[PDB]
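Have a look at the structure below, then the notes.
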Amino acid sequence: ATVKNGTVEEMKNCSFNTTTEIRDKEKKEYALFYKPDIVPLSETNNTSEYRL
Amino acid sequence: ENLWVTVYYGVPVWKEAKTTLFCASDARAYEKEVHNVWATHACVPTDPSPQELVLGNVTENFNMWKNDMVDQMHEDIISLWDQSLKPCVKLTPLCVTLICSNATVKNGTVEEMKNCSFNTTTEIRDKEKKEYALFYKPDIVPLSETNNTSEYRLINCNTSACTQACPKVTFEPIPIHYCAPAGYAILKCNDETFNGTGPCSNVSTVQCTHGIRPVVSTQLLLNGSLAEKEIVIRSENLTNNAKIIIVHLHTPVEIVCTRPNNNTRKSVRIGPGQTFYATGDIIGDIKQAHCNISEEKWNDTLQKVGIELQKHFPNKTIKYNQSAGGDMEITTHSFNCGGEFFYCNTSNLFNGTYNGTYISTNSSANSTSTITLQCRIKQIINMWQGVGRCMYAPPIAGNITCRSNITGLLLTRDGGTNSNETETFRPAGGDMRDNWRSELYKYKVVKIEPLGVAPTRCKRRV
Amino acid sequence: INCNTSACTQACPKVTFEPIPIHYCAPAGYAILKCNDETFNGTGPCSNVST
Amino acid sequence: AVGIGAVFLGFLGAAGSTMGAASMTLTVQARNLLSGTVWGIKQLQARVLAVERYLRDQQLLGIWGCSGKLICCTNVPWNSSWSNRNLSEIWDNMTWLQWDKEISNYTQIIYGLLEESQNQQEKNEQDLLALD
Amino acid sequence: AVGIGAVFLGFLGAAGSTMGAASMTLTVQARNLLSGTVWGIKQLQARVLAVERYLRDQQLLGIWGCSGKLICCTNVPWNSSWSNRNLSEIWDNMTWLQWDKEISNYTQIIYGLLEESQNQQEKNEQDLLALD
Ligand SMILES: *[C@@H]1O[C@H](CO)[C@@H](O[C@@H]2O[C@H](CO)[C@@H](O[C@@H]3O[C@H](CO)[C@@H](O)[C@H](O)[C@@H]3O)[C@H](O)[C@H]2NC(C)=O)[C@H](O)[C@H]1NC(C)=O
Ligand SMILES: *[C@@H]1O[C@H](CO)[C@@H](O[C@@H]2O[C@H](CO)[C@@H](O[C@@H]3O[C@H](CO)[C@@H](O)[C@H](O)[C@@H]3O)[C@H](O)[C@H]2NC(C)=O)[C@H](O)[C@H]1NC(C)=O
Ligand SMILES: *[C@@H]1O[C@H](CO)[C@@H](O[C@@H]2O[C@H](CO)[C@@H](O)[C@H](O)[C@H]2NC(C)=O)[C@H](O)[C@H]1NC(C)=O
């Protein structure tokens with residue numbers, strides 16, 4: 001998303017496939033995470049895959 | 001004449017007090033395994049010696065509904081059932097899309113069991129194999145609002161994770177004796193007509209309480225103590241009908257229940273090294289589960305109960321009626337039998353009236369006459385709230401029988417209307433405190449104060 | 001050779017299998033009697049008893 | 001009657017009986033301050049609570065000068081304001097279980113009286129036995 | 001010999017020695033009733049069990065009138081049917097460890113006798129000290 005100022009932080013919007021309460025029938029779900037609690041997954045050029 | 005303060009020790013003085021109690025089993029509770037029955041585990045072998053003692057000149061207040069002993073009984077059984085279900089397999093791979101078939105009985109008098117199939121994580125994990133098992137219909141729900149009538153889910157997986165009951169632990173109630181610790185005593189009210197709240201003019205004392213059957217039952221009180229002389233009723237405030245009434249029977253009513261279906265077991269692997277037992281076949285013809293009560297006894301018994309109920313409602317005659325209505329576990333009489341859990345529709349029993357007019361039992365024209373309750377079976381159980389509630393009781397092979405004695409009723413009046421001459425009573429099961437309180441009413445815990453001061457004609461020697 | 005009979009667990013690397021010597025001590029009110037005879041066979045009256 | 005022979009009154013046999021009958025055969029109550037074995041943590045706690053209680057009673061009794069576990073005549077004179085009642089009023093038909101309802105109010109006074117009155121006794125023997 | 005000087009016999013030194021030798025220096029056995037610290041629940045259980053036993057012995061010795069922890073002469077007359085044996089037969093070459101095999105049968109009689117006898121004793125002082 002877009003803030004462009006740097007004085008305020010935003011929260012990163014992340015989405016994920018969830019093992020729901022009936023196990024083997026997934027559904028995608030999203031939540032906001034503070035940036036210190038999220039890290040990129042790999043050294044690869046993909047700037048859109050993250051890990052806690 | 002002069003007197004001096006003289007101090008005595010070993011005085012027979014006490015005050016009522018709060019404290020923990022031991023639990024003690026009968027002598028034959030230790031040939032079994034660990035945790036089976038719980039009487040082997042939480043309790044000590046009891047010594048019947050010394051026996052009861054009667055105190056010759058003392059009177060004391062006994063208050064059944066304020067007794068903390070049942071309040072500790074509740075915590076004891078809760079923690080003791082919670083303990084047992086720790087090592088047992090906590091299911092969880094069974095929260096999957098179960099695909100089930102229609103079956104065919106076409107009558108409605110008998111149920112079938114739904115045949116459901118599911119993909120299983122084998123004991124080598126990631127190499128699945130489809131497997132099927134029979135499930136009682138109350139334990140299965142459709143998965144979604146969609147039009148697919150062939151995809152089902154267990155009643156678990158929405159509210160809580162659930163655990164199988166181990167096969168090496170049994171549900172049968174071994175009698176439990178509550179014993180007092182040092183410095184305390186238990187007072188037994190020997191008055192055989194005591195109502196529940198008032199001064200007992202004949203007070204005994206015993207080393208330990210007599211055996212209690214921790215039998216869980218909702219509407220009726222199965223195997224337990226019988227009234228000494230007559231039917232006695234107990235309630236805090238009969239004017240406000242919301243309070244439960246305990247009826248205590250002198251003459252028992254015999255009840256027998258059966259499951260004629262010859263079920264056969266099946267085994268399924270759930271991850272590495274652990275098994276989930278299930279029903280795989282029904283040998284023979286499918287038939288209805290039921291309980292049989294003799295009409296010749298029930299008809300006598302309920303008017304015998306009517307004369308006792310007349311006394312605190314003398315203005316009005318009596319009629320009996322169906323429960324208040326609600327969910328299965330709320331409305332139906334329920335009990336355990338050999339490991340299975342039954343739920344009986346009890347509308348046939350609570351029917352009829354009494355107007356101070358006794359009807360004869362002699363001659364009993366038909367002792368083979370019966371009234372048949374119809375009962376349903378479940379395997380997914382919510383036995384207490386907050387005890388780690390869900391438990392899956394595995395099926396038991398063969399056919400089973402449930403003979404026992406009825407010894408009391410739990411009831412609740414309906415609201416009055418029209419100032420009617422014939423107001424009515426309903427059954428009311430509920431909190432299991434009311435079940436144990438029906439049998440712990442004889443006892444109270446006290447604390448011995450052996451130190452006392454008195455005036456006397458003797459002084460110190462210098 | 002797991003997965004058929006039972007689930008299995010790794011032994012931690014910060015715990016060792018080496019037997020450290022163990023001394024069994026008596027509680028208060030009890031005593032341990034040592035048969036001081038140097039040829040005792042295993043069942044019978046020890047004619048020299050220490051504590 | 002108190003002429004029992006070999007005692008068989010049981011634990012609380014004299015409850016409701018006379019003060020004199022309960023005053024003889026006091027040991028049947030004193031000896032029984034013990035019971036139990038252990039499951040978990042709670043029953044062991046119940047075990048140690050009894051020892052706490054027994055040692056409380058023994059210490060309080062001993063500070064008054066009562067090593068004996070049955071009866072003591074004490075130096076403290078009687079304050080008659082507590083009942084102003086006769087010997088037969090208190091002794092001949094009452095029981096200890098009904099006596100405790102009356103003077104339990106004044107136990108917290110008598111305890112301090114006894115506690116100090118032992119010190120007005122034993123300090124003097126500390127002087128006389130030096131004079132001897 | 002029992003002329004030890006400063007005592008060094010240890011815990012159970014007089015085991016197998018004469019009744020007289022074991023009768024002197026009884027404290028070396030009595031004093032050794034304290035030990036332990038805790039791992040888990042079973043060790044604290046073992047700790048409290050020792051206190052239970054110690055208070056058993058101390059109480060039962062107390063109701064007999066024996067506040068002293070070594071020896072007592074008691075008012076119970078001797079019943080000679082228990083052994084009908086001489087003083088040298090019992091005292092001069094036996095030890096306590098083999099004396100316990102004989103009269104352990106009759107301990108449960110002597111205990112009740114002593115228990116009642118202390119009550120015949122101390123009730124009289126409750127009267128005599130009032131007559132004084
Ligand atoms: C964070 O990201 C999530 C997606 O991962 C955002 O949720 C999405 O929000 C949009 C806009 O409201 C939803 O689209 C709309 O859906 C309705 C469905 O009725 C449709 O009629 C509209 O035309 C429109 O397409 C979208 O459904 C929703 N995603 C999910 C899975 O529900 C969320 O808004 C983001 N939040 C922030 C603060 O960036
Ligand atoms: C509940 O449903 C299951 C299926 O989910 C039923 O099991 C199936 O029963 C049939 C009839 O016995 C089996 O078919 C037969 O298999 C033998 C194999 O030798 C073959 O020779 C026959 O020609 C016939 O096809 C079928 O294999 C079996 N399914 C599995 C997976 O074993 C079960 O009978 C149903 N039970 C009830 C009470 O409805
Ligand atoms: C399984 O069913 C059989 C047949 O109904 C039961 O056998 C009867 O049991 C009763 C006791 O309740 C006896 O009085 C009968 O003589 C038995 N035989 C018949 C033909 O009725 C059997 O008890 C049931 N199994 C269990 C465990 O109760």
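Order determines the names: the first chain of the structure tokens is A, the second B, and so forth; residues in each chain are numbered 1 upward, and ligands are numbered 1 upward as they are shown.
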Which protein, DNA or RNA residues have an atom within 12 Å of ligand 1, counting only C-alpha atoms and all ligand atoms, as an MDAnalysis selection string?
-> chainID A and resid 1:3 10:17 27:33
Expected answer as a PyMOL selection string: residues within 6 Å of ligand 2, only C-alpha atoms and all ligand atoms = chain B and resi 115+117+132+281
Within 12 Å of ligand 3, counting only C-alpha atoms and all ligand atoms, residues as a PyMOL selection string = chain B and resi 255-263+287+292+337-339+396-404
Go ahead and save the residues from that selection, with N, CA and C atoms, as a tab-separated table (two decimals), in the first residue's frame.
```
chain	number	residue	atom	x	y	z
B	255	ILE	N	-35.86	-51.45	37.11
B	255	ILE	CA	-35.75	-51.01	35.73
B	255	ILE	C	-34.69	-51.86	35.04
B	256	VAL	N	-34.96	-52.25	33.80
B	256	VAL	CA	-34.04	-53.03	32.98
B	256	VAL	C	-34.03	-52.42	31.58
B	257	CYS	N	-32.83	-52.19	31.04
B	257	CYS	CA	-32.66	-51.67	29.69
B	257	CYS	C	-31.70	-52.56	28.91
B	258	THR	N	-31.89	-52.60	27.59
B	258	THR	CA	-31.09	-53.45	26.72
B	258	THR	C	-30.85	-52.74	25.40
B	259	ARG	N	-29.77	-53.15	24.73
B	259	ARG	CA	-29.52	-52.80	23.34
B	259	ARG	C	-29.50	-54.10	22.54
B	260	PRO	N	-30.59	-54.51	21.87
B	260	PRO	CA	-30.58	-55.82	21.20
B	260	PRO	C	-29.65	-55.90	19.99
B	261	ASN	N	-29.13	-54.78	19.50
B	261	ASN	CA	-28.25	-54.82	18.34
B	261	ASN	C	-26.93	-55.48	18.70
B	262	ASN	N	-26.51	-56.44	17.87
B	262	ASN	CA	-25.26	-57.18	18.08
B	262	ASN	C	-24.16	-56.48	17.29
B	263	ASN	N	-23.64	-55.41	17.88
B	263	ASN	CA	-22.59	-54.63	17.23
B	263	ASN	C	-21.27	-55.40	17.23
B	287	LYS	N	-32.67	-53.57	15.75
B	287	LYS	CA	-33.79	-53.49	16.68
B	287	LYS	C	-33.60	-52.29	17.60
B	292	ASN	N	-37.51	-51.14	30.36
B	292	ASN	CA	-38.77	-51.72	30.81
B	292	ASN	C	-38.96	-51.46	32.30
B	337	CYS	N	-24.30	-47.55	30.86
B	337	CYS	CA	-24.58	-48.98	30.97
B	337	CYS	C	-23.52	-49.76	30.21
B	338	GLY	N	-22.59	-50.36	30.94
B	338	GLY	CA	-21.55	-51.18	30.35
B	338	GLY	C	-20.54	-50.42	29.52
B	339	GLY	N	-20.59	-49.09	29.50
B	339	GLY	CA	-19.78	-48.26	28.63
B	339	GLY	C	-20.58	-47.45	27.64
B	396	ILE	N	-18.95	-51.13	22.43
B	396	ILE	CA	-18.69	-52.40	23.11
B	396	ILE	C	-19.41	-53.50	22.34
B	397	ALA	N	-18.70	-54.59	22.06
B	397	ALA	CA	-19.22	-55.64	21.21
B	397	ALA	C	-20.24	-56.50	21.95
B	398	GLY	N	-21.14	-57.10	21.18
B	398	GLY	CA	-22.16	-57.97	21.72
B	398	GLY	C	-23.46	-57.25	22.01
B	399	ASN	N	-24.21	-57.75	23.00
B	399	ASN	CA	-25.43	-57.11	23.46
B	399	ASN	C	-25.38	-57.02	24.98
B	400	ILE	N	-26.05	-56.00	25.52
B	400	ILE	CA	-25.84	-55.56	26.89
B	400	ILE	C	-27.18	-55.38	27.60
B	401	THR	N	-27.14	-55.41	28.93
B	401	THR	CA	-28.31	-55.29	29.78
B	401	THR	C	-27.96	-54.38	30.96
B	402	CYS	N	-29.00	-53.76	31.55
B	402	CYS	CA	-28.81	-52.59	32.40
B	402	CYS	C	-29.66	-52.64	33.67
B	403	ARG	N	-29.88	-53.81	34.26
B	403	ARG	CA	-30.81	-53.91	35.38
B	403	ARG	C	-30.30	-53.14	36.59
B	404	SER	N	-31.20	-52.40	37.24
B	404	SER	CA	-30.84	-51.56	38.37
B	404	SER	C	-32.11	-51.21	39.14
```
Under the rule of at most 9 Å, produce a per-residue listing of chain B near chain A: chain, number, name, the closest pair of atoms, and the distance in Å, as CSV, using only C-alpha atoms.
```
residue,atom,partner,partner_atom,distance
B:92,CA,A:23,CA,8.7
B:93,CA,A:23,CA,7.8
B:94,CA,A:22,CA,8.6
B:95,CA,A:22,CA,4.9
B:96,CA,A:22,CA,5.4
B:97,CA,A:22,CA,7.3
B:153,CA,A:22,CA,8.0
B:157,CA,A:21,CA,5.7
B:158,CA,A:21,CA,6.6
```
Restricted to N, CA, C and O atoms, what would the selected residues look like written as a PDB file, in the first residue's frame?
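Written output follows (result07.pdb):
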```
ATOM      1  N   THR B  92      -8.364 -36.243  16.415  1.00  0.00           N
ATOM      2  CA  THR B  92      -7.964 -35.034  15.682  1.00  0.00           C
ATOM      3  C   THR B  92      -7.812 -35.289  14.180  1.00  0.00           C
ATOM      4  O   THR B  92      -8.274 -34.455  13.393  1.00  0.00           O
ATOM      5  N   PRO B  93      -7.202 -36.403  13.711  1.00  0.00           N
ATOM      6  CA  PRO B  93      -7.269 -36.685  12.268  1.00  0.00           C
ATOM      7  C   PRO B  93      -8.660 -37.029  11.753  1.00  0.00           C
ATOM      8  O   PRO B  93      -8.844 -37.157  10.539  1.00  0.00           O
ATOM      9  N   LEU B  94      -9.634 -37.204  12.645  1.00  0.00           N
ATOM     10  CA  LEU B  94     -11.000 -37.509  12.243  1.00  0.00           C
ATOM     11  C   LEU B  94     -11.826 -36.271  11.909  1.00  0.00           C
ATOM     12  O   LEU B  94     -12.986 -36.416  11.508  1.00  0.00           O
ATOM     13  N   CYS B  95     -11.270 -35.067  12.066  1.00  0.00           N
ATOM     14  CA  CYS B  95     -11.928 -33.838  11.616  1.00  0.00           C
ATOM     15  C   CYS B  95     -11.705 -33.667  10.113  1.00  0.00           C
ATOM     16  O   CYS B  95     -10.937 -32.822   9.653  1.00  0.00           O
ATOM     17  N   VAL B  96     -12.408 -34.498   9.343  1.00  0.00           N
ATOM     18  CA  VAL B  96     -12.298 -34.518   7.890  1.00  0.00           C
ATOM     19  C   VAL B  96     -13.692 -34.633   7.288  1.00  0.00           C
ATOM     20  O   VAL B  96     -14.684 -34.848   7.984  1.00  0.00           O
ATOM     21  N   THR B  97     -13.749 -34.480   5.968  1.00  0.00           N
ATOM     22  CA  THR B  97     -15.006 -34.541   5.226  1.00  0.00           C
ATOM     23  C   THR B  97     -15.440 -35.995   5.110  1.00  0.00           C
ATOM     24  O   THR B  97     -14.890 -36.758   4.314  1.00  0.00           O
ATOM     25  N   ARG B 153     -19.843 -34.012   8.830  1.00  0.00           N
ATOM     26  CA  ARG B 153     -18.813 -33.668   9.799  1.00  0.00           C
ATOM     27  C   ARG B 153     -19.231 -34.182  11.169  1.00  0.00           C
ATOM     28  O   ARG B 153     -20.421 -34.236  11.489  1.00  0.00           O
ATOM     29  N   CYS B 157     -14.983 -30.611  16.251  1.00  0.00           N
ATOM     30  CA  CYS B 157     -14.305 -29.826  15.218  1.00  0.00           C
ATOM     31  C   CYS B 157     -14.910 -28.436  15.022  1.00  0.00           C
ATOM     32  O   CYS B 157     -14.370 -27.639  14.249  1.00  0.00           O
ATOM     33  N   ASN B 158     -16.018 -28.134  15.709  1.00  0.00           N
ATOM     34  CA  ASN B 158     -16.607 -26.799  15.668  1.00  0.00           C
ATOM     35  C   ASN B 158     -16.413 -26.119  17.017  1.00  0.00           C
ATOM     36  O   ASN B 158     -16.141 -24.915  17.087  1.00  0.00           O
TER      37      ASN B 158
END
```
DSSP on the backbone: what in segment 24-129 of chain E comes out alpha helix (DSSP H), as a ChimeraX atom specification?
-> /E:27-30,42-63,87-91,96-103,107-129
With C-alpha atoms kept, could you save the residues just selected as an mmCIF file, in the first residue's frame?
```cif
data_model
loop_
_atom_site.group_PDB
_atom_site.id
_atom_site.type_symbol
_atom_site.label_atom_id
_atom_site.label_comp_id
_atom_site.auth_asym_id
_atom_site.auth_seq_id
_atom_site.Cartn_x
_atom_site.Cartn_y
_atom_site.Cartn_z
ATOM 1 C CA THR E 27 20.165 -40.448 74.178
ATOM 2 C CA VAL E 28 22.356 -41.627 71.289
ATOM 3 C CA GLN E 29 19.338 -43.551 69.966
ATOM 4 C CA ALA E 30 16.715 -40.968 70.944
ATOM 5 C CA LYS E 42 7.833 -38.849 48.030
ATOM 6 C CA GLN E 43 10.741 -37.305 49.940
ATOM 7 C CA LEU E 44 8.567 -34.732 51.724
ATOM 8 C CA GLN E 45 6.257 -37.657 52.489
ATOM 9 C CA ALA E 46 9.191 -39.507 54.056
ATOM 10 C CA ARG E 47 10.018 -36.362 56.042
ATOM 11 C CA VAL E 48 6.544 -35.976 57.540
ATOM 12 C CA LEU E 49 6.253 -39.708 58.278
ATOM 13 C CA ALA E 50 9.173 -39.412 60.708
ATOM 14 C CA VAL E 51 7.445 -36.539 62.522
ATOM 15 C CA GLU E 52 4.282 -38.651 62.714
ATOM 16 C CA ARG E 53 6.209 -41.533 64.302
ATOM 17 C CA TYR E 54 8.076 -39.236 66.697
ATOM 18 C CA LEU E 55 4.832 -37.683 67.919
ATOM 19 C CA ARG E 56 3.257 -41.152 68.249
ATOM 20 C CA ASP E 57 6.021 -42.208 70.621
ATOM 21 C CA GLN E 58 6.122 -38.876 72.464
ATOM 22 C CA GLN E 59 2.351 -38.723 72.997
ATOM 23 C CA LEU E 60 2.005 -42.361 74.073
ATOM 24 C CA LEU E 61 4.881 -41.842 76.497
ATOM 25 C CA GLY E 62 3.247 -38.628 77.730
ATOM 26 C CA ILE E 63 -0.187 -39.976 78.695
ATOM 27 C CA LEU E 87 15.992 -60.686 87.576
ATOM 28 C CA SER E 88 19.264 -62.218 86.354
ATOM 29 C CA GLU E 89 17.325 -64.186 83.722
ATOM 30 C CA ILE E 90 16.169 -60.899 82.145
ATOM 31 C CA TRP E 91 18.740 -58.276 83.107
ATOM 32 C CA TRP E 96 16.858 -55.374 74.519
ATOM 33 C CA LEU E 97 16.921 -56.688 70.941
ATOM 34 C CA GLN E 98 16.058 -60.194 72.214
ATOM 35 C CA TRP E 99 13.946 -58.968 75.137
ATOM 36 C CA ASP E 100 11.483 -57.455 72.662
ATOM 37 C CA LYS E 101 10.632 -60.928 71.324
ATOM 38 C CA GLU E 102 9.142 -62.007 74.672
ATOM 39 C CA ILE E 103 6.894 -59.270 76.117
ATOM 40 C CA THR E 107 2.607 -54.602 75.289
ATOM 41 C CA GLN E 108 -1.005 -53.963 74.271
ATOM 42 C CA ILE E 109 -2.093 -54.855 77.825
ATOM 43 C CA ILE E 110 0.541 -52.797 79.650
ATOM 44 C CA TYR E 111 -0.223 -49.766 77.477
ATOM 45 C CA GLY E 112 -3.867 -49.690 78.553
ATOM 46 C CA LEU E 113 -2.883 -50.359 82.167
ATOM 47 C CA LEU E 114 -0.506 -47.378 82.197
ATOM 48 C CA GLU E 115 -3.072 -45.196 80.418
ATOM 49 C CA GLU E 116 -5.745 -45.825 83.048
ATOM 50 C CA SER E 117 -3.224 -45.702 85.912
ATOM 51 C CA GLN E 118 -2.177 -42.137 85.117
ATOM 52 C CA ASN E 119 -5.861 -41.191 85.431
ATOM 53 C CA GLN E 120 -6.191 -42.873 88.825
ATOM 54 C CA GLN E 121 -3.080 -40.868 89.749
ATOM 55 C CA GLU E 122 -3.853 -37.339 88.625
ATOM 56 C CA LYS E 123 -7.542 -37.189 89.582
ATOM 57 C CA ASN E 124 -6.488 -37.606 93.221
ATOM 58 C CA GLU E 125 -4.100 -34.639 93.079
ATOM 59 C CA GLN E 126 -7.045 -32.613 91.754
ATOM 60 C CA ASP E 127 -8.736 -33.407 95.098
ATOM 61 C CA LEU E 128 -5.734 -33.354 97.446
ATOM 62 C CA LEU E 129 -4.514 -29.955 96.229
#
```
At a cut-off of 9 Å, list the chain B residues touching chain D, using only C-alpha atoms, as a PyMOL selection string.
-> chain B and resi 2-14+19-22+41-44+50+53-59+179-184+205+448+450-462
Quick one: residues within 9 Å of residue 37 of chain A, only C-alpha atoms counted, chain neighbours fewer than 3 positions away excluded, as a PDB file with C-alpha atoms, in the first residue's frame?
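Okay, this is what ended up in around_17.pdb:
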```pdb
ATOM      1  CA  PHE A  33       1.131  -7.510  10.997  1.00  0.00           C
ATOM      2  CA  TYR A  34       3.530  -4.981  12.463  1.00  0.00           C
ATOM      3  CA  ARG A  51       7.791 -15.353   7.072  1.00  0.00           C
ATOM      4  CA  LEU A  52       7.174 -14.571  10.729  1.00  0.00           C
TER       5      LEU A  52
END
```
Taking only C-alpha atoms into account, what are the residues of chain B at most 10 Å from chain C, put as a ChimeraX atom specification?
-> /B:122-125,269,271-274
Could you write out that same residue set with C-alpha atoms as an mmCIF file, in the first residue's frame?
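Produced file selection23.cif, reproduced below:
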```
data_model
loop_
_atom_site.group_PDB
_atom_site.id
_atom_site.type_symbol
_atom_site.label_atom_id
_atom_site.label_comp_id
_atom_site.auth_asym_id
_atom_site.auth_seq_id
_atom_site.Cartn_x
_atom_site.Cartn_y
_atom_site.Cartn_z
ATOM 1 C CA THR B 122 -2.103 -44.049 8.074
ATOM 2 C CA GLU B 123 0.545 -44.928 10.653
ATOM 3 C CA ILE B 124 3.246 -44.080 8.061
ATOM 4 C CA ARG B 125 1.593 -40.632 7.709
ATOM 5 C CA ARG B 269 -4.923 -46.333 12.789
ATOM 6 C CA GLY B 271 -0.959 -41.656 13.295
ATOM 7 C CA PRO B 272 1.890 -43.809 14.618
ATOM 8 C CA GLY B 273 1.318 -46.512 17.195
ATOM 9 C CA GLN B 274 -2.239 -45.694 18.336
#
```
Å distance separating atom CA of residue 81 of chain E from atom CA of residue 6 of chain D, one decimal place = 19.9 Å
What does the distance between atom CA of residue 82 of chain B and atom CA of residue 386 of chain B come to in Å, to one decimal place?
-> 9.5 Å
Could you list the residues in chain C lying within 7 Å of chain E, using only C-alpha atoms, and format the result as a ChimeraX atom specification?
-> /C:27-29
Could you save the residues just selected, with N, CA, C and O atoms, as a tab-separated table (two decimals), in the first residue's frame?
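Result saved to part_38.tsv:
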```tsv
chain	number	residue	atom	x	y	z
C	27	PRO	N	15.74	-42.86	55.60
C	27	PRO	CA	15.11	-41.72	56.26
C	27	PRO	C	15.23	-41.83	57.78
C	27	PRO	O	15.74	-42.81	58.32
C	28	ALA	N	14.76	-40.78	58.45
C	28	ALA	CA	14.83	-40.75	59.91
C	28	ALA	C	13.96	-41.86	60.50
C	28	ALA	O	12.90	-42.19	59.98
C	29	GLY	N	14.43	-42.43	61.61
C	29	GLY	CA	13.75	-43.53	62.25
C	29	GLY	C	14.04	-44.90	61.67
C	29	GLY	O	13.53	-45.89	62.20
```
